[PDB]
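Colleague: Questions regarding the structure given below will be posed in turn.
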Amino acid sequence: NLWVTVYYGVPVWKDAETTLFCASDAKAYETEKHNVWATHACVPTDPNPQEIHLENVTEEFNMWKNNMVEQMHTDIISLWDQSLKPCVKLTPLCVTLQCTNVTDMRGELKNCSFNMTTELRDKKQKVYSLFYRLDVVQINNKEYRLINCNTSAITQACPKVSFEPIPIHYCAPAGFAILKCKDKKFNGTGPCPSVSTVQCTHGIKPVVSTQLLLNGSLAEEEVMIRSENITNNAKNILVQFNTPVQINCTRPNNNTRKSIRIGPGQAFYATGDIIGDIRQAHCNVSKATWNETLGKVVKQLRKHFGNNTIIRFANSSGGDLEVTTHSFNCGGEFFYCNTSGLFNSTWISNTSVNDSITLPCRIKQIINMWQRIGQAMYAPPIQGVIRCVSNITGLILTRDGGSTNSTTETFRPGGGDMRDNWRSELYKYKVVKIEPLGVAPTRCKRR
Amino acid sequence: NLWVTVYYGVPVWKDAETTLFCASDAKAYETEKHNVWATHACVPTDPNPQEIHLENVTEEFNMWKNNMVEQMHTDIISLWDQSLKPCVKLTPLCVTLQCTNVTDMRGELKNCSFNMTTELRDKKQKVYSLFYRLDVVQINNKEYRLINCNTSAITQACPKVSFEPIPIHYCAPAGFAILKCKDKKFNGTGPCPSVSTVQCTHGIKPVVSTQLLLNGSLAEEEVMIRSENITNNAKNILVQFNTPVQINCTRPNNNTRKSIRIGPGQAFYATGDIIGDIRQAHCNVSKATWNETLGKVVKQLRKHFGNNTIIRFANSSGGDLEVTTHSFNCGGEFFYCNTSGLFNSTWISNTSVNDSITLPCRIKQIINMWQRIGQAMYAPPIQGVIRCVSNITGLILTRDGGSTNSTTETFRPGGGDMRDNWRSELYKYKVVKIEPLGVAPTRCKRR
Amino acid sequence: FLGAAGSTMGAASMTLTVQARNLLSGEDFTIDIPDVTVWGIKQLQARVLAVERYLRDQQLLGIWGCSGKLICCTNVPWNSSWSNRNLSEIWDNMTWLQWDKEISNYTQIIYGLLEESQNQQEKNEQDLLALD
Amino acid sequence: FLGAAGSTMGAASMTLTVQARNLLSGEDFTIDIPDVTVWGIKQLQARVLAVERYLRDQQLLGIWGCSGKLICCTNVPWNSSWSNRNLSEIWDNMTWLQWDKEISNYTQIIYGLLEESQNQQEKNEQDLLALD
Amino acid sequence: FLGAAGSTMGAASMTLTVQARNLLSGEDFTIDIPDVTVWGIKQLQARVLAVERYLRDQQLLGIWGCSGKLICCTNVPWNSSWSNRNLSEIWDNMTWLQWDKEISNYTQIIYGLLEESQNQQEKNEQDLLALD
Ligand SMILES: *[C@@H]1O[C@H](CO)[C@@H](O[C@@H]2O[C@H](CO)[C@@H](O[C@@H]3O[C@H](CO[C@H]4O[C@H](CO[C@H]5O[C@H](CO)[C@@H](O)[C@H](O)[C@@H]5O)[C@@H](O)[C@H](O[C@H]5O[C@H](CO)[C@@H](O)[C@H](O)[C@@H]5O)[C@@H]4O)[C@@H](O)[C@H](O[C@H]4O[C@H](CO)[C@@H](O)[C@H](O)[C@@H]4O[C@H]4O[C@H](CO)[C@@H](O)[C@H](O)[C@@H]4O)[C@@H]3O)[C@H](O)[C@H]2NC(C)=O)[C@H](O)[C@H]1NC(C)=O
Ligand SMILES: *[C@@H]1O[C@H](CO)[C@@H](O[C@@H]2O[C@H](CO)[C@@H](O[C@@H]3O[C@H](CO[C@H]4O[C@H](CO[C@H]5O[C@H](CO)[C@@H](O)[C@H](O)[C@@H]5O)[C@@H](O)[C@H](O[C@H]5O[C@H](CO)[C@@H](O)[C@H](O)[C@@H]5O)[C@@H]4O)[C@@H](O)[C@H](O[C@H]4O[C@H](CO)[C@@H](O)[C@H](O)[C@@H]4O[C@H]4O[C@H](CO)[C@@H](O)[C@H](O)[C@@H]4O)[C@@H]3O)[C@H](O)[C@H]2NC(C)=O)[C@H](O)[C@H]1NC(C)=O
Ligand SMILES: *[C@@H]1O[C@H](CO)[C@@H](O[C@@H]2O[C@H](CO)[C@@H](O[C@@H]3O[C@H](CO[C@H]4O[C@H](CO)[C@@H](O)[C@H](O)[C@@H]4O)[C@@H](O)[C@H](O[C@H]4O[C@H](CO)[C@@H](O)[C@H](O)[C@@H]4O[C@H]4O[C@H](CO)[C@@H](O)[C@H](O)[C@@H]4O[C@H]4O[C@H](CO)[C@@H](O)[C@H](O)[C@@H]4O)[C@@H]3O)[C@H](O)[C@H]2NC(C)=O)[C@H](O)[C@H]1NC(C)=O
Ligand SMILES: *[C@@H]1O[C@H](CO)[C@@H](O[C@@H]2O[C@H](CO)[C@@H](O[C@@H]3O[C@H](CO[C@H]4O[C@H](CO)[C@@H](O)[C@H](O)[C@@H]4O)[C@@H](O)[C@H](O[C@H]4O[C@H](CO)[C@@H](O)[C@H](O)[C@@H]4O[C@H]4O[C@H](CO)[C@@H](O)[C@H](O)[C@@H]4O[C@H]4O[C@H](CO)[C@@H](O)[C@H](O)[C@@H]4O)[C@@H]3O)[C@H](O)[C@H]2NC(C)=O)[C@H](O)[C@H]1NC(C)=O
Ligand SMILES: *[C@@H]1O[C@H](CO)[C@@H](O[C@@H]2O[C@H](CO)[C@@H](O[C@@H]3O[C@H](CO)[C@@H](O)[C@H](O[C@H]4O[C@H](CO)[C@@H](O)[C@H](O)[C@@H]4O[C@H]4O[C@H](CO)[C@@H](O)[C@H](O)[C@@H]4O)[C@@H]3O)[C@H](O)[C@H]2NC(C)=O)[C@H](O)[C@H]1NC(C)=O
Ligand SMILES: *[C@@H]1O[C@H](CO)[C@@H](O[C@@H]2O[C@H](CO)[C@@H](O[C@@H]3O[C@H](CO)[C@@H](O)[C@H](O[C@H]4O[C@H](CO)[C@@H](O)[C@H](O)[C@@H]4O[C@H]4O[C@H](CO)[C@@H](O)[C@H](O)[C@@H]4O)[C@@H]3O)[C@H](O)[C@H]2NC(C)=O)[C@H](O)[C@H]1NC(C)=O
Ligand SMILES: *[C@@H]1O[C@H](CO)[C@@H](O[C@@H]2O[C@H](CO)[C@@H](O[C@@H]3O[C@H](CO)[C@@H](O)[C@H](O)[C@@H]3O)[C@H](O)[C@H]2NC(C)=O)[C@H](O)[C@H]1NC(C)=O
Ligand SMILES: *[C@@H]1O[C@H](CO)[C@@H](O[C@@H]2O[C@H](CO)[C@@H](O)[C@H](O)[C@H]2NC(C)=O)[C@H](O)[C@H]1NC(C)=O
Ligand SMILES: *[C@@H]1O[C@H](CO)[C@@H](O[C@@H]2O[C@H](CO)[C@@H](O)[C@H](O)[C@H]2NC(C)=O)[C@H](O)[C@H]1NC(C)=O
Ligand SMILES: *[C@@H]1O[C@H](CO)[C@@H](O[C@@H]2O[C@H](CO)[C@@H](O)[C@H](O)[C@H]2NC(C)=O)[C@H](O)[C@H]1NC(C)=O
Ligand SMILES: *[C@@H]1O[C@H](CO)[C@@H](O[C@@H]2O[C@H](CO)[C@@H](O)[C@H](O)[C@H]2NC(C)=O)[C@H](O)[C@H]1NC(C)=O
């Protein structure tokens, strides 16, 4: 009896992959400072983002199979090079460095004298600078060289731009949609009872860090434990905190900028003398707040590893500096902190057997992150003392392979892949394409 | 009774801003010479441009709020860098210059000997060149250097391309429209009785000049006086001439090109010896024609400053060379002329109390226009004597702040912003977007 | 081309097609033969937003009771509260620029009556009337 | 917006217009003012394939017996071999996601009946009936 | 696909749909995943002018008495001065390539009768007939 009929706009979608753009909230543009991070032409966010709750719907999510992460990872990388392209290349800095020990803490800073090319191509320039031990390597008085010269090339980041992370909403073009998991407790895998859709994801600050998730989103109720493959010790374990942990990272060296002239037209910013406290960079963590968090987290691991077992913490095993330390950016400078003091503990079933804690931090201006070869970025010196306060919202953890599986387990801070950092914010999101076209049988026919 | 009905294509537009493209008249492409100015891929102009007169319409125009100017200003700037990108960079020209006085007029030209890098990286090259005094600066026989080396970098313009201005029609994409004011007398502000619409603006030659509008469009009937804020002496006064003023600017030095080889693959064009008249560049203005124009213009200022008053003219007050002199390009070379001789006069109410006049001009090959830092362009030498004849279609004028407002007023040649130069041709044009969708009540209803 | 913008709405209905043509179309087929990284995006940014602005208008034409260009009618009754006027006071005595000026408050309201009250409720109504 | 995806097909016909709107349109008019060689292509690649995917759907709507959006009917008889069912078992007891799942085998077959059996044979039929 | 180009106009009406399909559509969805500054514009310049050439044809279809694809009819009378012929001499004895060859002079004239004499004067006529 019936007849086929074309319906346009039926609620049907399929899992797929597309190219997502950014959103800057249209305030970051007023923040100016000559293109801070991403935002230059970045899309103004809709003042009223739309979230539609889909009733009677259950969708299965996988955060580890999420494609939004891979795009974001490649975005930050592609974003990084484009910031370094118009800037000043430091290529003729590979000149021999004659260094000496600074006037305590085993001479971490080196005072280096070297020959340099002026605006004119005739006479050289005899000038001195100040580099950290991590930025230089001796070659055989004491003679040193740039640490990156044998490995790769080098370019200086522009002082105009800042590395300051600003909220970025990922949105989908016409024909696509983004699903949001509204459950309080979600490990990133399995069906989601309450699912809502949004045009743009929430505010996500692209904070690049290791061993500590900084400035992220807090969990709901109980703290969350996420891992791709849990029983497998080769896979990292992502943790999401409930209450934010106050962390202080400062540069207890009050510095000055030389702004030497290596023309024509180009000017390099050298590190002058340090006027102030003679100290190494340090990181503060409140003993009470970290412990309270640890006690709640250590109970969550026993929802898997069993109600009763011994869980011991220890600092990094070994590897590259990026893996073994906490790496991040504060005030333009790149800190590498020693987390060994926090991870020194041993816990009982429900308990573990002062007013402050500190963590020695090292500074490195010349960096190759993401295992990049051919391009090394020089972090320009900053006038005055840098102070910053951030939230610790999660960790990257690894489990030992030595077993003795039925006895006890030890966990250590992870590192390496930065995709895990983005999976922390993207676990509740995935991309699907909408299929509007549909057919249904009805009596209407036609004349 | 009636019912709503959708009308498509109703005559409704709103003032807005869009991205306008160019038009080259499809002849400039046959002019060839390897991408003269803008025209490379530039859009062929419709052989029959359309101008539709809108009856019973009155539209209010503001030339100072016009957005077409800002785009054109940024266009010429963006056009300039792209011409200099593929060309040869002059970076190792900062070598010390040993100069001496040329064999009259206080040694304006310097004969400079210097060391240079050959195709091979082994042996240098001892060669001499000829630079103007404005292109070099001594540093402490007489030793000099490039004037731009301490300020910025430098690159040479390709001899293939020419700076010769060619007619450029600005047009609007689909969905937009450009309004044209057809009145003979228009100061750029207020309602326009007769308004017509065009797809493309008229022929506009992007001639960059100071203190003199060159190769522009003539006014109708009486000469026009335009200013953003008139009583304000901080705002420049744009003037549009009726009859064109014959002006001659020549390079009374018959030169040769060295075409030295600074390989591999690159070749620089040095300025060889001058064979011919020993003279400084000069600018001719006919005493009769300038005066006649002045007498007509000075009467127009008294339509504002009052019927009876003393109007005195004087040369530039002071500032950058671009502001204090008449700056332009003729035959590829950049002339800077002394206009002090023309602006020396004192006028009575209707009158002022030889067969020719001349104006000393200076030549500068290395220039930074538009206050650009980081990029300096070197104007390549031209074989033979350059002669050019142009129209003077208007001026950029400023009024003194000293008052004594009720006594007398003095006017001096302006400069700086090049947007005023484009406002001269764009005063009668503005951009609006068309709104086709409309609703009207009618009886038709539907079945 | 816009010639009747100053004229009355009654006279503006005759030249309606001309505005529809030029506004709707790009047919220059000029440029884009030889590539440039710089300027070319600029001549792109203009025409790309143009076709985006174009399809935006076409959607309203489709989702409403039109499904065709130029003029089309609807079953939406004209509310008295919306520009209470004389019929000769609109087309004969008034102009489009003058007309859209007053409706500015009710414009968003009227739009709803076209997509919701009609093509959502009309097409469903049509389906029920085409079954028998 | 997709709210009835979990609901029955009968209830999913009411909010049909909302899905049509948002899916169909981009009207953000945000960005593209200042040029970038790098990222800009990325924000291009997404919306360019979007309008290509868009016109793809519109073609089927045109070449079939629709010629209009939302809902339209046809002369194609529903085959018994295609989801033999109860009428109340489809709209009232079944959901679209559940529905498209079964028709997956006959989907390409049905498409042929719309373009070939109808608008090729119907329009030619119309030409023969409009002559007299 | 063009198979009847050599055949008569009468036979060329059967495969008409095939030409409509392929010409109308791009659905490759191939490439554009990883960016290039150079070649990519070239694979852009082709498909961008393609959709511009596409909407150009669709406009004529809309502004005329068609409003739909494939075949549609009109109220424009066939002038004797335009290819005075026999009916069997056109479809049965003549081919499209041979046909468009002669009409080349009157092609621009006929186009005017469709947009001006009809949809400008027909829709206005329709408005006057729908009032009563
Ligand atoms: C995520 O991570 C998790 C962990 O972090 C990963 O889990 C790992 O998954 C792999 C599967 O790829 C497992 O390996 C497989 O183990 C099974 C089972 O082996 C156990 O049981 C055997 C039998 O047990 C019964 O019988 C005894 C006797 O009655 C009883 O007492 C018991 O109680 C049970 O009832 C037993 O024989 C096994 O012991 C042997 O193996 C272990 C482990 O190596 C040794 O320690 C022991 O000494 C002993 O040698 C074990 O206890 C095996 O059956 C699988 O073998 C298949 O695969 C081999 C390749 O790895 C292949 O060489 C074999 O031939 C065999 O293949 C056979 O079976 C296939 C399927 O039917 C056929 O197609 C094939 O042709 C052939 O016939 C395999 O070894 C890991 O154990 C598991 N990890 C842990 C810690 O347990 C997971 O993979 C990860 N996933 C992702 C997506 O990341
Ligand atoms: C384009 O360019 C033009 C010029 O090139 C610009 O024009 C300039 O516009 C500004 C406005 O922003 C003017 O300044 C304003 O002047 C008015 C008027 O001042 C005159 O008249 C006063 C009264 O005159 C009457 O009364 C006497 C006494 O009976 C009679 O004899 C007279 O004949 C009149 O009938 C008089 O008091 C003034 O004299 C004082 O000021 C002058 C100028 O500084 C001095 O020389 C004198 O010695 C004397 O001190 C003058 O003669 C003022 O009223 C304005 O003051 C307001 O703004 C001040 C900030 O600048 C602020 O501090 C004041 O408090 C005051 O604000 C008051 O009024 C506001 C509005 O009601 C209130 O909101 C506010 O709360 C407060 O109550 C102001 O000074 C310039 O004069 C004018 N230029 C010239 C050359 O005249 C134009 O702006 C440009 N535009 C653009 C878009 O580019
Ligand atoms: C995780 O999230 C947290 C929280 O969101 C992040 O912490 C953020 O860190 C940002 C720095 O990276 C910081 O930005 C700062 O904002 C401060 C406040 O700005 C507001 O107040 C001022 C008035 O003081 C307003 O004018 C302004 O509009 C704002 O409303 C600024 O004060 C900061 O500037 C100073 O610090 C930065 C480095 O942190 C320097 O580069 C900068 O130059 C400033 O330092 C000078 O000034 C201070 C005194 O203000 C001097 O003590 C110092 O020595 C410097 O003085 C010398 O140098 C300047 C030129 O540099 C020269 O003129 C002067 O004469 C001296 O020679 C900075 O702009 C965010 O505010 C902060 N968030 C919050 C909520 O506070 C954290 O980074 C995130 N984690 C990661 C990994 O990103
Ligand atoms: C404002 O508007 C006015 C008017 O529009 C602008 O004035 C314009 O200025 C242009 C120059 O910038 C000028 O272009 C010239 O056109 C001349 C005429 O071309 C026509 O005739 C020739 C035949 O002679 C045809 O073949 C041709 O197709 C055209 O139909 C050319 O003759 C000019 O070339 C010479 O001048 C330029 C500089 O002006 C040199 O670069 C060029 O090389 C030429 O100079 C050589 O030739 C002359 C003799 O012709 C010798 O005297 C001279 O020394 C040079 O000879 C040596 O150098 C050459 C290689 O350079 C070498 O082969 C030779 O052997 C020697 O070694 C030039 O092409 C416009 O015509 C002119 N407008 C009008 C209407 O005339 C004014 O610029 C505008 N203002 C601004 C600010 O832009
Ligand atoms: C990382 O750094 C951050 C920022 O420095 C640290 O967070 C700060 O922690 C401090 C101390 O833990 C805290 O300071 C107190 O804040 C109170 C308000 O919340 C203040 O009231 C209080 O001031 C009193 O004490 C000071 C020192 O004793 C006095 O100098 C001051 O004048 C105050 O005394 C007054 O009040 C008493 C009554 O209480 C009265 O009798 C007196 O007359 C007088 O009026 C402290 O300053 C900051 O508030 C914290 N900041 C934030 C943003 O939370 C964090 O602890 C650091 N983390 C680590 C690991 O080091
Ligand atoms: C900027 O430069 C331009 C270009 O040089 C100047 O404009 C030119 O100005 C000159 C003079 O003002 C003018 O030359 C005259 O043009 C006349 C035509 O318009 C010619 O007929 C005339 O030639 C006669 O005079 C010459 C010199 O006396 C003789 O050499 C020549 O042979 C001519 O004589 C003949 O004619 C007489 C009768 O009249 C006859 O008895 C003789 O037998 C013989 O046959 C001049 O050359 C140019 O025409 C102008 N050019 C243009 C394009 O307008 C401008 O003045 C300069 N500006 C400044 C400020 O310097
Ligand atoms: C590690 O976490 C434990 C909790 O598991 C913290 O123990 C806490 O110790 C403080 C004292 O230092 C307790 O405060 C006390 O409160 C009582 C009641 O008000 C009061 O009588 C005491 O005088 C004192 O102020 C606190 O209550 C207690 N925590 C709990 C949950 O009882 C411990 O402080 C943490 N580590 C550190 C750095 O101390
Ligand atoms: C780092 O070493 C340089 C020398 O290479 C120091 O600069 C000298 O400082 C002394 C002060 O004791 C002056 O007398 C010299 O004239 C300086 N020489 C030069 C070349 O600058 C510098 O002081 C050392 N680091 C600092 C600043 O403590
Ligand atoms: C990070 O912290 C740990 C723990 O304090 C440091 O370990 C010390 O290492 C030195 C040798 O370098 C030993 O002499 C100390 O005995 C160690 N301390 C303890 C408590 O065992 C470590 O050196 C710190 N930094 C680095 C870069 O390793
Ligand atoms: C500019 O100075 C150079 C020398 O630096 C002159 O070139 C010399 O000219 C004399 C002629 O009197 C020759 O004998 C020399 O052999 C030349 N030397 C070189 C290195 O070329 C040059 O003549 C001076 N300027 C001009 C050309 O007048
Ligand atoms: C531009 O022209 C004026 C006017 O002739 C020149 O002014 C002369 O300046 C010199 C000093 O450099 C004085 O000795 C003369 O007396 C001035 N002339 C007059 C008439 O007063 C001026 O020098 C010229 N050029 C520049 C660059 O200023």
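Chain lettering (A, B, ...) mirrors the order of the structure tokens, residue numbering begins at 1 for each chain separately, and ligand numbering begins at 1 in order of display.
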Select from chain C everything DSSP, run on the backbone, classes as strand (DSSP E), then give the selection as a ChimeraX atom specification.
Modeller: /C:71-77
Colleague: Restrict the calculation to only C-alpha atoms, then for each residue of chain D with any atom at most 8 Å from an atom of chain C give the closest atom pair and their distance in Å to one decimal, rows by chain and rising residue number, as a tab-separated table.
Modeller:
```
residue	atom	partner	partner_atom	distance
D:14	CA	C:120	CA	8.0
D:17	CA	C:120	CA	6.6
D:24	CA	C:59	CA	7.8
D:25	CA	C:56	CA	6.7
D:26	CA	C:52	CA	7.3
D:27	CA	C:56	CA	7.1
D:29	CA	C:49	CA	7.7
D:32	CA	C:45	CA	6.6
D:33	CA	C:45	CA	7.8
D:35	CA	C:41	CA	7.3
D:37	CA	C:37	CA	7.4
D:68	CA	C:67	CA	6.3
D:69	CA	C:62	CA	6.7
D:70	CA	C:63	CA	7.6
D:71	CA	C:123	CA	6.8
```
Colleague: Could you take the residues named above and write them with N, CA, C and O atoms, as a PDB file, in the first residue's frame?
Modeller:
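Result written to again_25.pdb:
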```pdb
ATOM      1  N   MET D  14       8.776  15.558  14.244  1.00  0.00           N
ATOM      2  CA  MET D  14       8.381  16.879  14.723  1.00  0.00           C
ATOM      3  C   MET D  14       9.552  17.857  14.745  1.00  0.00           C
ATOM      4  O   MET D  14       9.399  19.033  14.414  1.00  0.00           O
ATOM      5  N   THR D  17      12.785  19.786  11.302  1.00  0.00           N
ATOM      6  CA  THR D  17      13.219  21.063  10.742  1.00  0.00           C
ATOM      7  C   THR D  17      14.519  21.560  11.374  1.00  0.00           C
ATOM      8  O   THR D  17      15.363  22.139  10.690  1.00  0.00           O
ATOM      9  N   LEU D  24      22.485  22.258   7.346  1.00  0.00           N
ATOM     10  CA  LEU D  24      22.487  22.920   6.052  1.00  0.00           C
ATOM     11  C   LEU D  24      23.448  24.112   6.030  1.00  0.00           C
ATOM     12  O   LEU D  24      24.126  24.358   5.030  1.00  0.00           O
ATOM     13  N   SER D  25      23.492  24.857   7.130  1.00  0.00           N
ATOM     14  CA  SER D  25      24.052  26.209   7.129  1.00  0.00           C
ATOM     15  C   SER D  25      25.352  26.469   7.891  1.00  0.00           C
ATOM     16  O   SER D  25      25.602  25.917   8.965  1.00  0.00           O
ATOM     17  N   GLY D  26      26.167  27.337   7.303  1.00  0.00           N
ATOM     18  CA  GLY D  26      27.234  27.998   8.028  1.00  0.00           C
ATOM     19  C   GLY D  26      26.873  29.471   7.925  1.00  0.00           C
ATOM     20  O   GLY D  26      26.643  29.977   6.826  1.00  0.00           O
ATOM     21  N   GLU D  27      26.817  30.164   9.059  1.00  0.00           N
ATOM     22  CA  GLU D  27      26.630  31.614   9.050  1.00  0.00           C
ATOM     23  C   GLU D  27      27.491  32.340  10.069  1.00  0.00           C
ATOM     24  O   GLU D  27      27.140  33.433  10.513  1.00  0.00           O
ATOM     25  N   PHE D  29      30.528  33.690   9.812  1.00  0.00           N
ATOM     26  CA  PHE D  29      31.171  34.884   9.252  1.00  0.00           C
ATOM     27  C   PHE D  29      32.297  35.346  10.159  1.00  0.00           C
ATOM     28  O   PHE D  29      32.520  36.540  10.356  1.00  0.00           O
ATOM     29  N   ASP D  32      39.137  34.824   8.645  1.00  0.00           N
ATOM     30  CA  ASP D  32      39.486  34.981   7.233  1.00  0.00           C
ATOM     31  C   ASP D  32      39.751  36.432   6.891  1.00  0.00           C
ATOM     32  O   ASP D  32      39.985  36.760   5.736  1.00  0.00           O
ATOM     33  N   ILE D  33      39.720  37.300   7.893  1.00  0.00           N
ATOM     34  CA  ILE D  33      40.060  38.699   7.667  1.00  0.00           C
ATOM     35  C   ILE D  33      41.578  38.873   7.468  1.00  0.00           C
ATOM     36  O   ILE D  33      41.991  39.513   6.499  1.00  0.00           O
ATOM     37  N   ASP D  35      45.330  37.225   6.617  1.00  0.00           N
ATOM     38  CA  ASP D  35      45.817  36.010   5.967  1.00  0.00           C
ATOM     39  C   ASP D  35      46.901  35.226   6.712  1.00  0.00           C
ATOM     40  O   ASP D  35      47.736  35.800   7.408  1.00  0.00           O
ATOM     41  N   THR D  37      49.297  31.655   5.443  1.00  0.00           N
ATOM     42  CA  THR D  37      49.548  30.491   4.588  1.00  0.00           C
ATOM     43  C   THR D  37      49.294  29.080   5.149  1.00  0.00           C
ATOM     44  O   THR D  37      48.775  28.193   4.456  1.00  0.00           O
ATOM     45  N   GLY D  68      12.537  19.789  -3.613  1.00  0.00           N
ATOM     46  CA  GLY D  68      12.319  20.646  -2.464  1.00  0.00           C
ATOM     47  C   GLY D  68      12.862  19.956  -1.231  1.00  0.00           C
ATOM     48  O   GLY D  68      13.090  18.748  -1.250  1.00  0.00           O
ATOM     49  N   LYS D  69      13.056  20.705  -0.151  1.00  0.00           N
ATOM     50  CA  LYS D  69      13.683  20.142   1.040  1.00  0.00           C
ATOM     51  C   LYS D  69      12.658  19.570   2.015  1.00  0.00           C
ATOM     52  O   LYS D  69      11.475  19.459   1.689  1.00  0.00           O
ATOM     53  N   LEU D  70      13.132  19.210   3.206  1.00  0.00           N
ATOM     54  CA  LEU D  70      12.325  18.537   4.224  1.00  0.00           C
ATOM     55  C   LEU D  70      11.711  17.248   3.681  1.00  0.00           C
ATOM     56  O   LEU D  70      12.433  16.327   3.297  1.00  0.00           O
ATOM     57  N   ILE D  71      10.384  17.179   3.648  1.00  0.00           N
ATOM     58  CA  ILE D  71       9.706  15.977   3.173  1.00  0.00           C
ATOM     59  C   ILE D  71       9.126  16.140   1.769  1.00  0.00           C
ATOM     60  O   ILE D  71       8.639  17.210   1.399  1.00  0.00           O
TER      61      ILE D  71
END
```
Colleague: Hey, which residues come within 10 Å of ligand 4 if we count only C-alpha atoms and all ligand atoms? Could you give them as JSON, numbers by chain?
Modeller: {"B": [31, 33, 159, 162, 163, 164, 165, 166, 205, 206, 207, 208, 209, 213, 214, 215, 216, 247, 248, 249, 250, 254, 255, 256, 257, 327, 328, 329, 330, 331, 332, 333, 334, 335, 381, 382, 383, 384, 385, 386, 387, 388, 389, 390, 391, 392]}
Colleague: Return the single residue from C:113, C:94, C:23, C:9 that is closest to chain B, with distances computed using only C-alpha atoms.
Modeller: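 Using only C-alpha atoms, chain B sits closest to C:23.
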Colleague: Any residue with an atom at most 10 Å from ligand 1 counts, using only C-alpha atoms and all ligand atoms. Which are they? Put them as JSON, numbers by chain.
Modeller: {"A": [228, 229, 230, 231, 232, 233, 234, 235, 405]}
Colleague: Tell me the residues of chain C close to chain B, meaning within 6 Å using only C-alpha atoms, as a list in words.
Modeller: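 The complete set of qualifying residues is residues 2, 3, 5, 6, 16, 19, 20, 23, 30, 31, 43, 46, 47, 50, 70, 71, 72, 73, 74, 75, 76, 77 and 78 of chain C.
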Colleague: Calculate how many Å separate CA of residue 395 (chain A) from atom 81 (C, counted along the ligand's line) of ligand 3, rounding to one decimal.
Modeller: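 Those two atoms sit 15.4 Å apart.
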Colleague: Residues of chain B were defined as contacting chain A if any atom lay at most 9 Å from it, counting only C-alpha atoms; please report them as number ranges by chain.
Modeller: B: 91-96, 145, 148-154, 373-375
Colleague: Can I get the selected residues back with C-alpha atoms, as a short mmCIF file (atom, residue, chain, number, x, y, z; two decimals), in the first residue's frame?
Modeller:
```
data_model
loop_
_atom_site.label_atom_id
_atom_site.label_comp_id
_atom_site.auth_asym_id
_atom_site.auth_seq_id
_atom_site.Cartn_x
_atom_site.Cartn_y
_atom_site.Cartn_z
CA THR B 91 73.17 41.82 3.05
CA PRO B 92 76.95 41.70 2.69
CA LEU B 93 77.22 45.31 1.51
CA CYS B 94 77.90 46.64 5.01
CA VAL B 95 81.65 46.50 4.37
CA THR B 96 83.64 49.64 5.24
CA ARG B 145 79.14 52.89 5.61
CA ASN B 148 70.61 51.63 6.62
CA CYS B 149 72.94 49.07 8.20
CA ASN B 150 72.55 50.29 11.77
CA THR B 151 68.78 50.72 11.36
CA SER B 152 67.76 47.67 9.33
CA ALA B 153 68.50 45.11 6.61
CA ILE B 154 68.57 45.79 2.87
CA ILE B 373 62.01 48.85 9.83
CA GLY B 374 63.75 45.59 8.96
CA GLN B 375 63.46 46.06 5.20
#
```
